[PDB]
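One structure is given below, encoded as structure tokens.
Counting convention: from 1, in listed order, for ligands and their atoms alike. In what follows, chains carry the letters A, B, and so on, assigned in the order in which the sequence lines appear, proteins first and then strands, with residues in each chain numbered from 1. Below, all heavy atoms of this structure are taken into account, side chains as well, without hydrogens, waters or symmetry copies.
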Amino acid sequence: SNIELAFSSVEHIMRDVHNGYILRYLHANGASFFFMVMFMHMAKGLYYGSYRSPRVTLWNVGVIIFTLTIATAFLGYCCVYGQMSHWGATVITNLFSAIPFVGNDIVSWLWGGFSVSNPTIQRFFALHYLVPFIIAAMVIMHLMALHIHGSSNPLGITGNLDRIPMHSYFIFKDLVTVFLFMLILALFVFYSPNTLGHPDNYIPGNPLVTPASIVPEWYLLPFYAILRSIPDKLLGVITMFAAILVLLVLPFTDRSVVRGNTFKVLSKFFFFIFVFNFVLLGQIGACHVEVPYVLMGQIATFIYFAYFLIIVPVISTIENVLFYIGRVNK
Amino acid sequence: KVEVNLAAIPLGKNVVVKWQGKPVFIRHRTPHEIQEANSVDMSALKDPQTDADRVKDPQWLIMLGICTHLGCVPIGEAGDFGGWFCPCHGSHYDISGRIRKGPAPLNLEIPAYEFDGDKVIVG
Amino acid sequence: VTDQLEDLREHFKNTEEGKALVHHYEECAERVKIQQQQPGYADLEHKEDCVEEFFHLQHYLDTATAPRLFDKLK
Amino acid sequence: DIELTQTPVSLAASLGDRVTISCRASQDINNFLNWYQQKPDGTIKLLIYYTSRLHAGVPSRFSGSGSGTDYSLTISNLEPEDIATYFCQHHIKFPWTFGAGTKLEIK
Amino acid sequence: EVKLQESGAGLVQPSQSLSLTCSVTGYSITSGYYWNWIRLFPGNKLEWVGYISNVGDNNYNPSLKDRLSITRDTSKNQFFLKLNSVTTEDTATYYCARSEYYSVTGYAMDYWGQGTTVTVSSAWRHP
Amino acid sequence: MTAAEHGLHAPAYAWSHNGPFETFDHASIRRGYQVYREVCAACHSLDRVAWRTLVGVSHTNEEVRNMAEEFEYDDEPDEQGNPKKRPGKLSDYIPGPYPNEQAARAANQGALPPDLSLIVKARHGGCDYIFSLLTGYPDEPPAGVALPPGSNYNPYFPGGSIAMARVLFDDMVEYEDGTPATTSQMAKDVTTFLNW
Amino acid sequence: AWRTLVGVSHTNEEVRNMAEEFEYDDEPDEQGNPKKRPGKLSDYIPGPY
Ligand code: HEM
Ligand code: HEM
Ligand SMILES: C/C=C(C)/C=C/C=C/C(OC)[C@@H](C)[C@H](OC)[C@@H](C)CCc1oc2c(O)c(OC)cc(OC)c2c(=O)c1C
Ligand code: FES
């Protein structure tokens with residue numbers, strides 16, 4: 001973890017350790033696959049109203065796991081100590097400098113000195129090792145809340161009238177997607193191991209030079225775009241954090257009287273507006289701070305927040321009323 | 001405490017040197033740049049400073065090359081204002097290194113320094 | 001022998017499309033050297049270059065030479 | 001109160017050759033000596049500050065040297081719009097004082 | 001780019017007050033440096049008259065210090081010379097100019113007005 | 001962003017190692033080493049490559065041993081504590097031309113030639129980019145382009161202005177296996193070697 | 001390290017004089033040739049061999 005040795009020690013894993021490149025490429029590509037699947041797990045929850053009562057606690061613990069997983073991957077990314085590592089560590093620790101009065105004190109405390117240095121990378125490795133185990137404990141708390149109410153289902157109604165045991169049916173159904181998941185992860189690890197990363201992180205970190213080609217990891221791009229859209233330091237970092245916390249608001253702003261979007265024409269449509277808006281945010285994040293892009297990012301940012309705070313409450317109310325007047329004859 | 005030999009720097013060139021782990025920007029400015037710097041109205045600056053508030057000798061721009069947004073190192077001779085561009089979130093600095101556009105709230109900081117003939121001593 | 005890439009480039013500069021592209025680059029190059037010999041060039045902040053027209057040429061040549069060059073190499 | 005003595009006073013030269021004006025002050029100014037250029041049209045410009053530093057726009061063929069109490073303003077060629085009256089001020093203390101002036105004529 | 005434009009009476013009678021206005025565009029008086037008046041006599045001897053700073057601090061040549069008052073108007077972005085009880089002495093072309101100040105190189109007047117020629121004459125004009 | 005600032009998109013050459021079932025061409029690797037030794041090594045280090053990794057890839061156990069022994073490395077001090085040197089062994093890493101960064105900048109107009117151990121993975125475009133850069137120096141820059149003193153023009157480099165001159169010219173290398181050492185052939189070979 | 005002596009057994013000034021009596025390796029000059037340096041307070045007390 002020494003800042004002099006970290007990059008070379010990873011090259012040593014790549015070159016000298018038997019099957020070392022397999023371990024490293026599994027880890028790096030697996031982190032990406034971990035996010036792909038997490039987004040799908042979350043999107044599933046969004047679509048089927050899984051965040052609703054009585055599964056609010058389940059959802060809230062999920063949001064904590066997501067924050068922890070994002071922090072864990074950032075800590076790991078820094079451990080390579082390539083160019084993207086150094087400046088990622090610099091930019092992200094600096095998020096806290098936006099805190100009124102005691103912000104630069106937090107940052108120098110996080111760094112362990114004047115800038116991102118040896119103290120910084122050694123403590124980020126120690127922390128990267130720790131947080132996966134806290135995530136494991138939070139997953140247990142997640143499964144505990146899952147167990148008392150059980151899973152929901154695609155119809156959004158009670159499952160109590162027809163259950164089948166986990167064993168056999170869903171054990172072997174899980175196996176189908178486990179192998180498909182492994183197949184695809186294998187295609188990347190063996191045939192295309194660097195396609196999801198950044199070439200600049202094969203350059204040792206340099207405290208005097210920030211590459212013009214710096215781009216965040218792909219799974220952080222939508223959030224990056226949101227921050228970049230606000231031309232103010234403090235409000236940029238507040239709005240970006242709020243883009244994660246606003247997930248907590250959905251049990252209250254979903255006014256509907258039925259769980260999930262399966263039988264909801266307007267909600268289905270706007271859900272996919274949300275998804276593709278999120279992809280756009282990420283494509284904006286990958287782009288230069290230039291004319292059409294800056295405005296598109298600011299509008300996509302608005303659409304992102306408006307979904308939770310405005311569209312869902314308005315549309316779910318309208319759908320409530322439409323369901324009623326379409327059947328009642330007085 | 002770093003010593004930099006100013007006699008070694010050519011006319012319109014940037015030099016980057018390390019001091020306390022941070023990059024220190026030094027430009028030998030051209031006469032035209034010096035005028036460009038001291039002919040800008042404060043109303044156009046979110047962090048209002050004259051070029052003279054920021055340099056002791058108009059020929060030598062000496063500043064910490066740390067972007068005041070989130071700490072990236074701005075790229076020299078780039079941007080829309082004839083100075084430095086920060087690739088991280090698109091902050092533009094002018095030829096005095098003041099913030100002209102983007103999320104950075106402040107001008108590039110000036111460290112303490114004195115001259116000793118042909119060499120400046122930063123620290 | 002003569003370089004295999006230089007060969008294929010020269011060959012493709014002399015197709016109809018390649019001739020059209022060097023023409024447009026040449027018409028740019030003419031326009032530029034005329035601008036340099038008219039006073040106040042070192043003080044114009046609006047100097048035209050021909051990188052764009054050059055890139056179109058080079059792009060065409062790349063597109064034609066790239067799929068073929070290695071069948072000629074060992 | 002310091003006073004400067006611009007010598008030579010109003011000396012002329014030809015259509016493209018060097019020339020050396022000077023400024024001498026009564027008291028010792030550091031190097032705080034500027035040189036101005038008043039055109040025949042009354043248009044007045046800055047040429048040199050701190051007795052060596054070129055201002056924006058003033059061509060390479062202008063120099064400027066000296067220290068203590070003796071100073072200079074040298075040219076390469078006079079081609080052709082170098083014809084004007086050249087002054088010099090100090091600014092080490094108030095009040096600022098200029099030289100007697102030095103016209104440049106062409107024979 | 002900065003521009004200094006001068007206006008005012010090109011002819012005053014002795015024992016009266018000379019008033020010249022220097023209009024600045026492209027840069028505020030309150031923003032920056034020092035704002036000077038100087039005069040050129042026909043005998044070709046330039047004299048520094050005085051300044052007002054961006055703060056509003058005055059500083060005059062002791063030769064003329066008891067007569068003149070250099071004012072400004074922030075709203076319209078212009079400073080003024082007012083030379084009281086004029087003599088045939090005060091027959092000169094007057095210039096307003098900006099000077100910078102860097103702590104190493106000192107002062108230097110870098111932006112100049114057009115020059116307004118004033119004559120102290122007993123003649124009648126048409127105001 | 002302007003095309004010049006982006007740099008010219010490198011095209012896709014038909015590398016024999018492209019494709020899921022394709023190994024490197026090891027003869028091209030062998031040749032590429034020679035081009036590295038005779039041209040590139042004068043300015044470019046290769047710090048992460050140990051001599052032993054060549055064995056069974058591009059050279060024999062014997063050939064690599066001879067190559068390593070041509071270089072001196074620091075050894076353990078003698079019985080009395082005075083420093084002493086040593087011929088290279090297979091456990092050693094391929095040595096670089098310069099002793100430190102400052103000496104490397106001095107020999108290159110102030111520019112720093114990157115180590116090439118990872119250069120194929122540390123650039124967008126990979127082999128296509130490296131090859132295209134090496135074969136893409138025009139005899140003259142496009143009209144209007146004012147190049148800094150000491151700089152060279154290359155359309156594939158971002159910003160066009162690169163501190164490495166063209167260094168590959170026809171038949172500057174005598175290939176040990178008889179192959180015509182054209183510039184595009186030599187480029188093809190080092191690039192294959194650098195990917196390995 | 002020299003600095004740990006300060007405020008313990010010696011003054012800031014005394015330790016500085018003591019450290020400067022020794023030469024330590026410095027960063028290479030502009031041209032890459034090695035060069036030495038008087039000791040500073042950040043340095044560790046040097047050994048005989
Ligand atoms: C030998 C055929 C050779 C190769 C191969 C080669 C490659 C190479 C690359 C890929 C780069 C990086 C460019 C980039 O940043 O995208 C690079 C850079 C420099 N080189 Fe080189 N180089 C080869 C040969 C030589 C030789 C013999 C010299 C020294 C005379 C030389 C020098 C340099 C320098 C200097 C650079 C820096 C470029 C810059 O920063 O602008 N190379 N090279
Ligand atoms: C490491 C991370 C996580 C693990 C291991 C995990 C695991 C599980 C498991 C096993 C289930 C049951 C099967 C399923 O519905 O897929 C479940 C359900 C659920 N999880 Fe997660 N989860 C994780 C993260 C999250 C996150 C990030 C969220 C949301 C922010 C979340 C929200 C939910 C919800 C709401 C359900 C119930 C879905 C329903 O039944 O309709 N989970 N999770
Ligand atoms: C001890 C642990 C500490 C101090 C920190 C943990 C907590 C922080 C986070 O969330 C938990 C944080 C990762 C954040 O979450 C809001 C992410 C969305 C970060 C998004 C992010 O990424 C970047 C990145 O990756 C880069 O790489 C090259 C470069 C970057 O600039 C150009 C950024 C960047 O500008 C942003 C906003
Ligand atoms: S760090 Fe420079 S703009 Fe964000």
Heavy-atom distance to atom 24 (C) of ligand 3: which of B:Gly71, A:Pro216, A:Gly82 wins? A:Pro216

Which heavy atom of A:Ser53 sits nearest to which heavy atom of A:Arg259, and what is that distance? O-NH1, 2.9 Å

For ligand 1, is any non-hydrogen atom under 4.0 Å from F:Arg123's backbone (N, CA, C, O), its side chain (CB onward), both, or neither? side chain

Heavy atoms only: which of A:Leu75, A:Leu68, A:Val107, A:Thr93 lies closest to atom 2 (C) of ligand 3? A:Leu75

Pull out every atom of ligand 1 sitting under 4.0 Å from any heavy atom of F:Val39, numbered as shown with elements. 27 (C)

For the residue pair F:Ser45 / F:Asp115, report whether a side-chain donor-acceptor contact shorter than 3.5 Å exists. yes

Going by the atom numbers of ligand 1, which of them fall below 4.0 Å from some non-hydrogen atom of F:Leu168? 2 (C)

What is the nearest protein non-hydrogen atom to atom 3 (C) of ligand 3, stated with its residue, atom name and distance? A:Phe74 CE2, 3.9 Å

Note: F:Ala163, heavy atoms under 4.0 Å from ligand 1, region reported as both

Identity and separation of the nearest protein heavy atom to atom 13 (C) of ligand 3: A:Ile70 CG2, 3.7 Å

Counting heavy atoms only, name the option from A:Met42, A:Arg52, A:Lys44, A:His41 that's nearest to atom 20 (N) of ligand 2. A:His41

Can you find an N or O of A:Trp87 that's nearer than 3.5 Å to an N or O of ligand 3? no

Can you list every pair that meets salt bridge (charged side-chain N to carboxylate O under 4.0 Å, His left out) and has a residue in residues 71-98 of chain A, with sequence neighbours left out? none

Hey, which atoms in ligand 3 end up nearer than 4.0 Å to a heavy atom of A:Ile214? 28 (C)

What atoms of ligand 3 come closer than 4.0 angstrom to any heavy atom of A:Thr67? 11 (C)

For atom 8 (C) of ligand 3, the closest protein heavy atom turns out to be A:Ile92 CG2, 3.8 Å

Can you report which non-hydrogen protein atom sits closest to atom 36 (C) of ligand 3, along with the distance? A:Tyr224 CD1, 3.8 Å

Ligand-residue contact atoms, ligand 1 with F:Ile162, heavy atoms, under 4.0 Å: 38 (C), 41 (O)

CZ of A:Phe34: more than 12 outside heavy atoms within 6.0 angstrom? no

Protein heavy atom at shortest distance from atom 10 (C) of ligand 1: F:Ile130 CD1, 3.7 Å

A:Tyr48 near ligand 2 by a heavy-atom separation under 4.0 Å: no

Under a heavy-atom criterion of less than 4.0 Å, does A:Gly45 contact ligand 2? no

Using a cut-off of 2.8 Å, find all protein N, O or S atoms closer to atom 21 (Fe) of ligand 1 than that distance. F:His44 NE2, F:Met164 SD

Enclosure of A:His27 NE2 (heavy-atom neighbours >12, cutoff 6.0 Å): no

Going by the atom numbers of ligand 3, which of them fall below 4.0 Å from some non-hydrogen atom of A:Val91? 30 (C), 31 (O), 33 (C), 34 (C), 35 (O)

Just go through A:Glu217, A:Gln83, A:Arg228, A:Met240 and tell me whose heavy atom is the nearest to atom 16 (C) of ligand 3. A:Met240

Where does A:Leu247 meet ligand 2, judged by heavy-atom distances below 4.0 Å: at the side chain, the backbone, both, or neither? neither

